[PDB]
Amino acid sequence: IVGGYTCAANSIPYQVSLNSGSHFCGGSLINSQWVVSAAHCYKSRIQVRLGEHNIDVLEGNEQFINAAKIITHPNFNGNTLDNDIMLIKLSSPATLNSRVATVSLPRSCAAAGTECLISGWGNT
């Protein structure tokens, strides 16, 4: 995130970090067993890290759960990034608690001009 601000710790409780030794992508928790992410973030093995704020320091609210299934959209196009969406099944259900929580799927598309919140551990 370039030009952003530091989120208040655990104020984005649906945000997860995808880790294969180190952080490489984000994701969103949509029920206790499933994270939605981007298909170009695919790796054969992924550890999902929930409840994170500082991804380098153990703070006490983390849950580290390895993926059991990783399902990319069948019509993903790796050249154009069309259909860039992926679902990750956790090998055990996350424990949902004030710092680890789900985000709702949309009931309709957002109108142009709608203000949104974007978050991540990407380059600043």
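A residue's number is simply how far along the shown sequence it sits, counting from 1.
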Mean Cα B-factor comparison, 44 to 52 or 26 to 34, giving the higher one as deposited: 44 to 52
Going by the mean C-alpha B-factor recorded in the entry, which is higher: 94 to 102 or 35 to 43? 94 to 102
Which one of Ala9, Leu18, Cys109, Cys116 shows the top CA temperature factor in the record? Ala9
Relative to the other modelled residues in the chain, which third contains the C-alpha temperature factor of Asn75: lowest, middle or highest? lowest
The third of the chain into which the C-alpha temperature factor of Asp82 falls is the lowest
